[PDB]
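# Fold the following and give me the result.
(chains A, B, C, D, E and F, ligands or ions: 17)
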Amino acid sequence: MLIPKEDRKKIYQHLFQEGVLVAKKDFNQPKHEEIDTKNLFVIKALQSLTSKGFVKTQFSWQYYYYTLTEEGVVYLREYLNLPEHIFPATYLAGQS
Amino acid sequence: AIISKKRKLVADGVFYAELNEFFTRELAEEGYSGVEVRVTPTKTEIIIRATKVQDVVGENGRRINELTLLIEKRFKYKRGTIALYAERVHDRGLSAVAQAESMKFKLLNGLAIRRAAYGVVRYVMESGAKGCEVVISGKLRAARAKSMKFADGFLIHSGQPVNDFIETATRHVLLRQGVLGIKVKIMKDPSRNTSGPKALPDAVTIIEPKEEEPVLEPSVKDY
Amino acid sequence: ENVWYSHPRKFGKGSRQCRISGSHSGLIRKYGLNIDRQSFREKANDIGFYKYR
Amino acid sequence: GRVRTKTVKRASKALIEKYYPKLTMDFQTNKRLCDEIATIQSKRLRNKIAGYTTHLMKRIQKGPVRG
Amino acid sequence: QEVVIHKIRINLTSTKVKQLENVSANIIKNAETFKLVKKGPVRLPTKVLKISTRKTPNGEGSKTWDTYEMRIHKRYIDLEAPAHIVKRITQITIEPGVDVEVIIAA
RNA sequence: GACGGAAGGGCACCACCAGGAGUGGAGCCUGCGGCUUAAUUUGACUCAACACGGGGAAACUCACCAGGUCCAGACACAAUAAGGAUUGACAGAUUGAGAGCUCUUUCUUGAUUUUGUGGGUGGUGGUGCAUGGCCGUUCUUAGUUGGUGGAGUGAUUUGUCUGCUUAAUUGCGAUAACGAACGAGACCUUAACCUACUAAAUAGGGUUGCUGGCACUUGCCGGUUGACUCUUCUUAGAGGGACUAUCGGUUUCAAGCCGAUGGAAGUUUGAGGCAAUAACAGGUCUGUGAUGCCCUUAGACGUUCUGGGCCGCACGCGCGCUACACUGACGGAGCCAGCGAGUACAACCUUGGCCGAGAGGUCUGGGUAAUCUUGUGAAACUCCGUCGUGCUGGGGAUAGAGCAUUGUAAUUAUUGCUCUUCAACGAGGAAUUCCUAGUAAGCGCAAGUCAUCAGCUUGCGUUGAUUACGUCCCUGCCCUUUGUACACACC
Ligand SMILES: [Mg+2]
Ligand SMILES: [Mg+2]
Ligand SMILES: [Mg+2]
Ligand SMILES: [Mg+2]
Ligand SMILES: [Mg+2]
Ligand SMILES: [Mg+2]
Ligand SMILES: [Mg+2]
Ligand SMILES: [Mg+2]
Ligand SMILES: [Mg+2]
Ligand SMILES: [Mg+2]
Ligand SMILES: [Mg+2]
Ligand SMILES: [Mg+2]
Ligand SMILES: [Mg+2]
Ligand SMILES: [Mg+2]
Ligand SMILES: [Mg+2]
Ligand SMILES: [Mg+2]
Ligand SMILES: [Mg+2]
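Residues are numbered from 1 along each chain as shown, chains lettered A, B, ... in the order given. Ligands and ions are numbered 1, 2, ... in the order given. Below is the structure in question.
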């Protein structure tokens, strides 16, 4: 919960770049893959997001899978401050 | 690169298992049935079989794309080395897993359990299976718990023809008083097999001889 | 963020942690499975292991 | 120990009924005939059936037999 | 132009025997079509991966065990050809479950 | 139905005969009591608890105890709202302590939060008598069922049986039943045979080059991936092969059993894998982000560090190891296996060279493996020697000291080695386990856990018997006939 804001911002940015965040169930872990933060910081943030809509979470084998809803996307837009016609994977990352 | 061959194989299997688990977790509402993995040159091919294909697809690259991304994040592949393909589970009744899922859904909804079981059995029969066996274990009215058993048709139990023809499914259903367990068996028709043996090993059927009026004294056909 | 929050956990039953459950008990670490026994048994056919003899 | 099952004996009987001409005496030939005519799944089962048929044939050449 | 004959070793590994055999057959057919210097589909001793588990989850009961075994089929084929031809041969004739592997060059 | 201190008939080395090998005795490992303890965490108590929870705990594990640390108090609503919400904090006293744990401090930190109230989440907390799944057990025994038809007013019954057979409700038969299904069998995996195919410098040979040693005639043993070719051994694909075959007895001349003969194979060919109907208040909520409900929820039963405990000993029992010697012991020397396993982001297996009585170091390698460890030249064994039956050179427990190794940490010896010490036990009472052929037993090796530790475990080979080839006497189970005032079923 006691999260330095820069880290949070970074996490948000990462999410917007992707739309998907996969994180190990590892509190007491120094660094997360891709993001320059502790795993715990990520995981708790995602939990918080979930708790008021925003993010959908899945568990499978000690390894959290986080996806986003449209409300979540909106929230991200509001907070991170990205305009419109931008990345995610929710409204097509490209064409697959 | 540079890992023992047996070990590599084991890891592959493990990965597959993990994937299956993930699919079970996620695509329950869509009615997930089976995964296929093809490690071809350049790209890994994940084929998904689910009851709701459209849902899986999403907004043509909304849900599937997300799934792909997740996979990439997990097993660490390049953005473009994983492809996903949703498919029709051909004959939903001949899939036990699907049936189990359906049953679970029904239970969740709040259907009469016995009735539901009967319906399932009927469906199975329609699908053209030799036999169905549905065991529903748990607390079905009153605290003292009992496994109810709803069956129809053939069924085998012992031998190697079990893993050949009998398809099994086990799903536990969560309710606010305790857990149910739904165990579904389907005996597939031996004649309608595609790949493998086309009958039960004990079944011996002989062909009929043809009619004879033979003697009538020598004679020769000449050219 | 504390001054410390860890003791040396590089080996023993502390280091090895299951894929599925996270159990430190009855762990099959042969062929690099790292799956605890019961779970492995449950999902053995998915790995490709079979009961022949 | 060695006592033949329904699925051997009955089948053998049926075979005999159908094909007494051309199902004669010695084992190998009988086996071959079985392979040709009957849709036997396993090899061992087929072999057993053939053996039974041979036995039946042998019994026959000493008088009639029930069933 | 390109045709300089190398030393090519091709590894095949699977759990399914029939599939592997089919793959081997396909490879041989390809070789025949291209009619090159050939060493046969050499079969390596099948590797049985063993596991022993108490059938019980809890421990109580008569102590009964499992023998979960996974059999590995490893087979290799030796060809003397240009590499491009080998690649062409191996780009097709791929069946799911069988691992196709190429050493390439001496 | 269940039961019977009723009568019949079966079956089984978890029954007994004919024997073997023994445990129970002894010293020790190690389970479980009991005791003891700050704690010596618990689960399980006839088969079906007791070297079991893959439970070989130095911490971790970890559930226990003595203490400290942290918030991993979602989110909802409010009091401060920057003149600071609140985070951070070396120096010593503080403290086990380069824990700002704090109390000395007065420098930072910027609305993340903290103070309450709704609300949760985590729990190797509780209940397996609320459950799932899995498993164990009735039982791997031969059992179980419905469709017609018959007998009953009916619950029911017959089929599913007097016999003889079989490992088997396996069959032959007899017959108000007839034809079926599940189980048994079939099956599948494996172990046996293949001079018949298809193959190989990641298997093995042949000739032949060069080459080393021989007798010295051509001949014998060698070293070399120098050539060429082969597939018997090798591996593993596709096949084949045994079906009790052929014959002889014996039996309603049936099913079958017995004896030869041929054969790789004649105990279901050897061994398993799977395994019905109905169940058990059998075991697990200490495998689970399987889980109901209850407890708990910031002096937490969440955790996380730190030390200890699970291992303590007047004592019961439960698997085991070592032995009580001359069929040996100790020294040489000879010298043969099969299952395995094995790292690049780590530190796997580790030959070969030097150093060391060891243990070990060290340098170098080879191997992600039919390629290197590895021909795992393993033990038991066989050959010649020293002692010859004396708690003796049998035997090895406690001990004392040193030298190594793993790890952050070895006292409460982790373990390896060195010298010394030499205890109990001259084959084990009342009892009772396991077993019928490549089996019993002897002997190692191997993976499993593992950083380190094997007296344990799944496998594997090596050496290889004795004695039945049977019967209900005992024991347990099953069936039939009977009795019952039991049907929560003789507790
Ligand atoms: Mg059957
Ligand atoms: Mg069977
Ligand atoms: Mg018993
Ligand atoms: Mg203990
Ligand atoms: Mg052990
Ligand atoms: Mg838990
Ligand atoms: Mg119970
Ligand atoms: Mg009737
Ligand atoms: Mg009856
Ligand atoms: Mg005769
Ligand atoms: Mg058998
Ligand atoms: Mg109980
Ligand atoms: Mg609980
Ligand atoms: Mg035991
Ligand atoms: Mg070797
Ligand atoms: Mg002495
Ligand atoms: Mg230890």
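# wait, what's in contact with the closest residue to residue E:106 other than its chain neighbours?
Nearest residue to residue E:106 in three dimensions, chain neighbours excluded: residue E:7, at 3.9 Å (C-beta to C-beta, 6 or more residues apart in numbering or on different chains). (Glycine included, C-beta is placed from N, CA and C.) By C-beta atoms under 8 Å, 6 or more residues apart in numbering or on different chains, residue E:7 lies in contact with E:78, E:80, E:105-106.
# same thing but 10 Å
By C-beta atoms under 10 Å, 6 or more residues apart in numbering or on different chains, the contact list for residue E:7 reads E:37, E:78-81, E:103-106.
# Return the member of those residues nearest to chain C.
Nearest to chain C out of the contacts of residue E:7 is residue E:103 (C-beta to the nearest C-beta; 24.2 Å).
# and that closest one, how many residues sit next to it?
Neighbour count for residue E:103, taken as other C-beta atoms under 10 Å in any protein chain shown: 12.
# just residue B:171 next, same as before
So residue B:171, with other C-beta under 10 Å, has 20 neighbours.
# How is it assigned, secondary-structure-wise?
Secondary structure, DSSP: H, G, I helix; E, B strand; the rest coil: residue B:171 is strand.
# In the longest helix along chain C, which residues are buried?
In chain C, assigned by DSSP state H, the helix with the most residues is helix C:37-42. Within helix C:37-42, the residues that count as buried by 16 or more other C-beta atoms under 10 Å in any protein chain shown are C:37-41.
# In this structure residue B:108 contacts residue B:173, no?
Yes - checked against C-beta atoms under 10 Å, the pair residue B:108 and residue B:173 is within contact range at 7.1 Å.
# Spell out, range by range, the strands that occur in chain A.
Counting by DSSP state E, chain A has strands at residues A:20-24, A:55-58, A:63-68.
# okay, these in TSV with mean neighbour count next?
Output for those, formatted as TSV (neighbours: other C-beta atoms under 10 Å in any protein chain shown):
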stretch	mean neighbour count
strand A:20-24	22
strand A:55-58	16
strand A:63-68	22
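# Select, out of these, the one closest to chain B.
strand A:20-24 (3.5 Å).
# elements contacting the closest one?
Packing contacts for strand A:20-24, counted by 3 or more C-beta pairs under 10 Å, 6 or more residues apart in numbering or on different chains; DSSP states H and E, involve helix A:5-18, helix A:39-51, strand A:55-58, strand A:63-68, helix B:63-75.
# Mind doing that once more with 7 Å?
On a contact count with 3 or more C-beta pairs under 7 Å, 6 or more residues apart in numbering or on different chains; DSSP states H and E, strand A:20-24 meets helix A:39-51, strand A:63-68, helix B:63-75.
# hmm, who's touching that strand?
The contact list for strand A:20-24, computed with C-beta atoms under 7 Å, 6 or more residues apart in numbering or on different chains, reads A:14-15, A:32, A:39, A:42-43, A:46, A:62-67, A:89, B:66, B:69-70, B:73-74.
# residue nearest the centroid of the chain?
In the absence of a named chain, chain A is used. residue A:15 (4.3 Å; C-alpha atoms, centre = their mean).
# you looked at the wrong chain, it should be chain E
Closest-to-mean residue, chain E, C-alpha atoms, centre = their mean: residue E:12 / 1.7 Å.
# Okay, and that residue sits in which element?
For residue E:12, the element it lies in under DSSP states H and E is strand E:8-14.
# buried residues in that strand?
E:8-10, E:12-14.
# Up against chain D, what does chain B have?
B:197, B:199, B:201-207, B:209 (C-beta under 7 Å from any C-beta of the partner chain).
# With distance to chain E and neighbour count added, can I get those residues in a markdown table?
Formatted as a markdown table, those follow (distance: C-beta to the nearest C-beta, whole Å; neighbours: other C-beta atoms under 10 Å in any protein chain shown):
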| residue | distance to chain E | neighbour count |
| --- | --- | --- |
| B:197 | 13 | 14 |
| B:199 | 19 | 16 |
| B:201 | 19 | 17 |
| B:202 | 24 | 16 |
| B:203 | 23 | 13 |
| B:204 | 25 | 23 |
| B:205 | 26 | 11 |
| B:206 | 29 | 17 |
| B:207 | 28 | 11 |
| B:209 | 36 | 11 |
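# just checking: which of those also lie near RNA strand F?
Restricting these to those near RNA strand F by C-beta under 7 Å from any atom of the strand leaves B:201-202.
# Just the closest of the residues of chain B next to chain D to residue B:19, please.
residue B:197 (29.4 Å; C-beta to C-beta).
# my guess is that closest one is in a strand, correct?
No - in this structure, residue B:197 is coil, not part of a strand, as judged by three-state DSSP.
# contacting residues around it?
Counted by C-beta under 7 Å, 6+ apart, residue B:197 has contacts B:164, D:41.
# Nearest to residue B:143, out of the strands of chain A?
If we rank those by C-beta to C-beta, the stretch that ends up nearest is strand A:55-58, at 33.5 Å.
# Grab the nearest non-local neighbour of the residue nearest to the centre of chain E.
In space, residue E:12 is closest to residue E:75, 4.8 Å off (C-beta to C-beta, 6+ apart).
# hmm, back to that, now render the strands of chain A as a markdown table, adding distance to residue C:19.
Shown next, in a markdown table, are those (distance: least, C-beta to C-beta, whole Å):
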| stretch | distance to residue C:19 |
| --- | --- |
| strand A:20-24 | 11 |
| strand A:55-58 | 16 |
| strand A:63-68 | 9 |
